[PDB]
Amino acid sequence: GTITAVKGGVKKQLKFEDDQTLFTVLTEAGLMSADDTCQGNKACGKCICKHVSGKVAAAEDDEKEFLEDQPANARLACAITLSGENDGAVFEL
Ligand code: FES
């Protein structure tokens, strides 16, 4: 499917393959850097993005630990495993 990434007011549609994480999709497109990050291991909390539209499974306890001091709609890109149900979801970087 595909999701919409929004960086600097500019919308960019990206295609994703089932079971790919938003982190993988985002970083492999140059929209998000994987430098100094745990490389999508949900341990550094640097892959922050904002879920603004679409269906995305609620965050688990471990991820929530990293979003306590973040905006209400913040999520860890690597904590989100993309599947058909996420087709059309929009995220703001
Ligand atoms: S890449 Fe480290 S928490 Fe997502």
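Reckoned from all heavy atoms, side chains included, excluding hydrogens, waters and symmetry mates. Counting convention: from 1, in listed order, for ligands and their atoms alike. Each residue takes its place number in the sequence, starting with 1.
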Go through the steps to decide whether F91 and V6 satisfy the test side-chain contact (heavy atoms from CB on, under 4.5 Å), and finish with yes or no. CA-CA 6 Å; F91 304 90; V6 181; over 6 Å; no

Dump the intermediate steps for side-chain contact (heavy atoms from CB on, under 4.5 Å) on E92 and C49, then the final yes or no. CA-CA 6 Å; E92 167 183 319; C49 65; over 6 Å; no

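Angle SG(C38) to atom 2 (Fe) of ligand 1 to SG(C44), rounded to 10°: 120°.
One distance of note links OG1 of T27 with CD of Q39; it measures 10.0 Å at 0.5 Å rounding.
Counting heavy atoms closer than 4.0 Å to ligand 1, residue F23 contributes side-chain atoms (C-beta onward) but none from N, CA, C or O.
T2 and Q13 share a donor-acceptor pair across their side chains, judged by distance under 3.5 Å alone.
Residue-ligand proximity, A43 to ligand 1, at heavy-atom distances under 4.0 Å covers atoms 3 (S). Those atoms of ligand 1 with a heavy atom of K42 less than 4.0 angstrom away are 3 (S).
Partner of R75 under the side-chain hydrogen bond (donor to acceptor under 3.5 Å, both in side chains) criterion, out of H51, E63, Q70: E63 alone.
The nearest N, O or S atom of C78 is closer to atom 4 (Fe) of ligand 1 than 2.8 Å. With a cut-off of 2.8 Å, atom 4 (Fe) of ligand 1 has an N, O or S atom of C47 in range.
Counting protein heavy atoms only, atom 3 (S) of ligand 1 is closest to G45 N, 3.0 Å. In terms of protein heavy-atom proximity, atom 1 (S) of ligand 1 is closest to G40 N, 2.9 Å.
The number of heavy-atom neighbours closer than 6.0 Å to CD of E60, taken from other residues, nucleotides and ligands shown, is 12 or below.
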